[PDB]
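Let me begin by presenting the structure, written as structure tokens, before commenting on it.
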Number of protein chains: 2
Amino acid sequence: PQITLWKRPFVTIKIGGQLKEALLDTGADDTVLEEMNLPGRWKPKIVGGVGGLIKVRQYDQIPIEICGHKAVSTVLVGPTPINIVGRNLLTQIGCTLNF
Amino acid sequence: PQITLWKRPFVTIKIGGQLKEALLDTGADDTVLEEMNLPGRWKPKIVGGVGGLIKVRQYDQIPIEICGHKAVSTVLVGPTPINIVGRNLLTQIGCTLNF
Ligand SMILES: CC(C)CN(C[C@@H](O)[C@H](Cc1ccccc1)NC(=O)O[C@H]1CO[C@H]2OCC[C@H]21)S(=O)(=O)c1ccc(N)cc1
């Protein structure tokens, strides 16, 4: 289907056995989530946004259910003020912009 | 047009006769541009993202042209590291997410 943009485009994602709300964000290179536990190895990374830099944990090959897709992706975890779904995950599920 | 998300979705915009590259960003509530001069009244605003807050100037009713679509909308100006087109302008040009 389609999603208009009069409202913030939140979708529900299933990740780590939890249901979370996340913003579909074409301006984000990567998917960044608020503090949570995920299993497996991680490596520290710096993420920079409009207000400055934050430290995050990078988890690879995390399964995520999103918009009827069973996806697998890299996920960054840290002090973001909102869960964002970035182009890494948007491309995997075939999302595009159209006007 | 249609725009995939394997690369950052930059488009050329025209504002006040000036050509600029901006990111099409569904996570951004409102268009934010790097420091520039615009005419008319403004009011300060605070916007927040990854890494914290910034102060911007809000100009209302500014003409902006994007891929042949003309709009008159609110434009924020401040220390963003890149030009961002937000949902306020995406909606006015009929842009949607599709998958
Ligand atoms: C955090 C979002 C809810 C809001 N942001 C839009 C978002 O697309 C920014 C837009 C953005 C893009 C580049 C640089 C700064 C901000 N991208 C972002 O922070 O992504 C980071 C995660 O992936 C990495 O790839 C880009 C930076 C990292 S935002 O820049 O703070 C913002 C907030 C409000 C408005 N009106 C305009 C923009």
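Residue numbering restarts at 1 in every chain; chains get A, B, ... in the order shown in the structure tokens, and ligands count up from 1 in that same order.
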(message) Can you give me the C-alpha RMSD, to one decimal in Å, for chain B fitted onto chain A with all Cα atoms paired in order?
(response) 0.6 Å
For chain A, which residues have at least one atom within 9 Å of chain B, if we go by only C-alpha atoms? Write them as a compact mmCIF listing (two decimals) with N, CA, C and O atoms, in the first residue's frame, please.
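Final file, selection-v7.txt:
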```
# COMPACT_ATOMS: atom_id res chain seq x y z
N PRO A 1 0.81 -1.22 0.00
CA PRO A 1 0.00 0.00 0.00
C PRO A 1 0.85 1.28 0.00
O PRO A 1 2.02 1.31 -0.41
N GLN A 2 0.21 2.34 0.42
CA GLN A 2 0.77 3.68 0.45
C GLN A 2 0.62 4.30 1.82
O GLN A 2 -0.25 3.89 2.59
N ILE A 3 1.50 5.26 2.15
CA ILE A 3 1.40 6.00 3.40
C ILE A 3 1.59 7.45 3.03
O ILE A 3 2.59 7.81 2.37
N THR A 4 0.59 8.25 3.36
CA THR A 4 0.65 9.69 3.22
C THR A 4 1.42 10.29 4.39
O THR A 4 1.74 9.61 5.39
N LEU A 5 1.71 11.59 4.29
CA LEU A 5 2.62 12.23 5.24
C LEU A 5 2.02 13.44 5.97
O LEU A 5 2.78 14.26 6.55
N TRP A 6 0.70 13.50 6.07
CA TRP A 6 0.08 14.55 6.86
C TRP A 6 0.36 14.34 8.33
O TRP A 6 0.34 15.28 9.10
N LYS A 7 0.57 13.10 8.73
CA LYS A 7 0.91 12.67 10.08
C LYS A 7 2.31 12.05 10.08
O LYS A 7 2.81 11.58 9.06
N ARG A 8 2.92 11.97 11.25
CA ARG A 8 4.18 11.26 11.41
C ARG A 8 4.00 9.79 11.04
O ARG A 8 3.08 9.15 11.58
N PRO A 9 4.79 9.22 10.09
CA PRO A 9 4.53 7.85 9.62
C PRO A 9 5.15 6.81 10.55
O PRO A 9 6.21 6.32 10.25
N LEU A 23 9.40 5.41 13.57
CA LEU A 23 9.12 6.41 12.55
C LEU A 23 9.81 6.00 11.28
O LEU A 23 11.04 5.85 11.24
N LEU A 24 9.04 5.89 10.21
CA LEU A 24 9.62 5.69 8.89
C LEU A 24 10.34 6.96 8.47
O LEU A 24 9.72 8.04 8.36
N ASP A 25 11.66 6.87 8.31
CA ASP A 25 12.50 8.08 8.15
C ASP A 25 13.50 7.99 6.98
O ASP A 25 14.64 7.51 7.07
N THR A 26 13.07 8.47 5.82
CA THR A 26 13.93 8.46 4.65
C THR A 26 15.20 9.31 4.83
O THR A 26 16.14 9.14 4.04
N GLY A 27 15.23 10.28 5.78
CA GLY A 27 16.39 11.05 6.03
C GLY A 27 17.40 10.35 6.92
O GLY A 27 18.47 10.86 7.24
N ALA A 28 17.11 9.13 7.34
CA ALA A 28 18.01 8.42 8.22
C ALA A 28 18.70 7.31 7.44
O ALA A 28 18.04 6.49 6.79
N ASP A 29 20.04 7.29 7.53
CA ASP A 29 20.80 6.24 6.83
C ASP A 29 20.56 4.91 7.49
O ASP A 29 20.44 3.89 6.81
N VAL A 47 26.91 7.99 16.00
CA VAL A 47 25.84 8.44 15.10
C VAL A 47 25.74 9.95 15.29
O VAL A 47 25.70 10.45 16.43
N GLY A 48 25.71 10.68 14.19
CA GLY A 48 25.52 12.11 14.27
C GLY A 48 24.23 12.58 13.64
O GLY A 48 23.95 12.24 12.48
N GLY A 49 23.43 13.35 14.36
CA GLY A 49 22.21 13.93 13.84
C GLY A 49 22.25 15.45 13.80
O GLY A 49 23.32 16.05 13.89
N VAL A 50 21.07 16.06 13.81
CA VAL A 50 21.00 17.52 13.72
C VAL A 50 21.57 18.19 14.98
O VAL A 50 22.15 19.27 14.88
N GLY A 51 21.44 17.58 16.15
CA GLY A 51 21.87 18.24 17.36
C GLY A 51 23.26 17.87 17.85
O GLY A 51 23.70 18.40 18.87
N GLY A 52 23.97 16.97 17.17
CA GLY A 52 25.23 16.49 17.66
C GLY A 52 25.30 14.97 17.57
O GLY A 52 24.56 14.32 16.82
N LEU A 53 26.19 14.42 18.37
CA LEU A 53 26.63 13.05 18.24
C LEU A 53 26.16 12.26 19.45
O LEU A 53 26.06 12.79 20.57
N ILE A 54 25.90 10.98 19.20
CA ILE A 54 25.58 10.05 20.28
C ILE A 54 26.33 8.75 20.02
O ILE A 54 26.72 8.45 18.90
N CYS A 67 5.89 -4.08 8.36
CA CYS A 67 5.02 -3.92 7.17
C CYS A 67 4.83 -5.21 6.40
O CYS A 67 4.89 -5.24 5.18
N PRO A 79 20.69 6.53 22.89
CA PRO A 79 19.83 7.62 23.40
C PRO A 79 19.22 8.47 22.29
O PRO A 79 19.40 9.69 22.21
N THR A 80 18.52 7.85 21.41
CA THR A 80 17.72 8.64 20.46
C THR A 80 16.39 8.97 21.12
O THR A 80 15.88 8.17 21.92
N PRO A 81 15.83 10.16 20.84
CA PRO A 81 14.53 10.51 21.45
C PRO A 81 13.34 9.84 20.80
O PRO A 81 12.23 10.00 21.32
N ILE A 82 13.53 9.11 19.69
CA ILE A 82 12.46 8.36 19.01
C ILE A 82 13.08 7.22 18.22
O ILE A 82 14.14 7.36 17.60
N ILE A 84 13.74 5.24 15.11
CA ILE A 84 13.73 5.58 13.70
C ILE A 84 14.04 4.35 12.88
O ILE A 84 15.00 3.66 13.19
N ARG A 87 17.06 4.09 5.94
CA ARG A 87 17.02 3.55 4.60
C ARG A 87 17.56 2.11 4.52
O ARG A 87 17.08 1.35 3.68
N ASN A 88 18.45 1.70 5.45
CA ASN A 88 18.89 0.29 5.49
C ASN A 88 17.72 -0.66 5.51
O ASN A 88 17.68 -1.63 4.75
N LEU A 90 14.31 0.40 5.06
CA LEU A 90 13.33 0.79 4.07
C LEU A 90 13.59 0.18 2.70
O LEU A 90 12.65 -0.28 2.05
N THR A 91 14.84 0.12 2.29
CA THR A 91 15.16 -0.50 1.01
C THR A 91 14.87 -1.99 1.04
O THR A 91 14.34 -2.54 0.09
N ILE A 93 12.59 -3.60 2.40
CA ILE A 93 11.17 -3.92 2.25
C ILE A 93 10.56 -3.25 1.02
O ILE A 93 9.36 -3.36 0.81
N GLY A 94 11.36 -2.58 0.20
CA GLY A 94 10.91 -2.12 -1.09
C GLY A 94 10.17 -0.81 -1.05
O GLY A 94 9.30 -0.55 -1.88
N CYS A 95 10.49 0.05 -0.09
CA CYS A 95 9.81 1.32 0.07
C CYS A 95 10.43 2.37 -0.83
O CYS A 95 11.66 2.42 -1.04
N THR A 96 9.55 3.21 -1.40
CA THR A 96 9.98 4.30 -2.27
C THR A 96 9.19 5.57 -1.96
O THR A 96 8.13 5.54 -1.35
N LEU A 97 9.71 6.69 -2.44
CA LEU A 97 9.00 7.95 -2.45
C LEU A 97 8.47 8.20 -3.85
O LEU A 97 9.14 7.86 -4.82
N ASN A 98 7.27 8.77 -3.93
CA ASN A 98 6.54 9.02 -5.18
C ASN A 98 5.80 10.32 -5.07
O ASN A 98 5.02 10.49 -4.13
N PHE A 99 6.00 11.22 -6.03
CA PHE A 99 5.16 12.43 -6.18
C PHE A 99 4.98 12.74 -7.67
O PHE A 99 4.26 13.66 -8.07
```
(request) Could you please determine the separation between atom CA of residue 71 of chain A and atom 21 (C, counted along the ligand's line) of ligand 1 in Å, to one decimal place? (result) 20.0 Å
(message) Need to verify the contact set: residue 73 of chain A, 7 Å, only C-alpha atoms, exclusion of same-chain residues closer than 5 positions in sequence. Can you return it as a count of residues only?
(response) 5
(request) Give the answer as one residue: which of A:32, A:46, A:19, A:11 has the shortest atom-to-atom distance to residue 74 of chain A, using only C-alpha atoms? (result) A:32
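Proximity of A:76, A:65, A:83, A:21 to residue 43 of chain A, computed with only C-alpha atoms, is greatest for A:76.
Considering only chain B, backbone DSSP assigns helix (DSSP H, G or I) to residues 87, 88, 89, 90, 91 and 92 of chain B.
Closest approach to ligand 1 among A:75, A:70, A:40, A:31 is made by A:31 (distances from only C-alpha atoms and all ligand atoms).
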(message) When you count only C-alpha atoms and all ligand atoms, which of these residues is closest to ligand 1: A:77, A:37, A:64, A:30?
(response) A:30
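We find atom 15 (C, counted along the ligand's line) of ligand 1 and atom CA of residue 45 of chain A to be spaced 15.9 Å apart.
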(request) Output as an MDAnalysis selection string all residues of chain B that backbone DSSP marks as strand (DSSP E). (result) chainID B and resid 2:3 10:15 18:24 32:33 42:49 52:66 69:77 84:85 96:98
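Closest approach to ligand 1 from the set B:66, B:38, B:33, B:15 is made by B:33, with distances taken over only C-alpha atoms and all ligand atoms.
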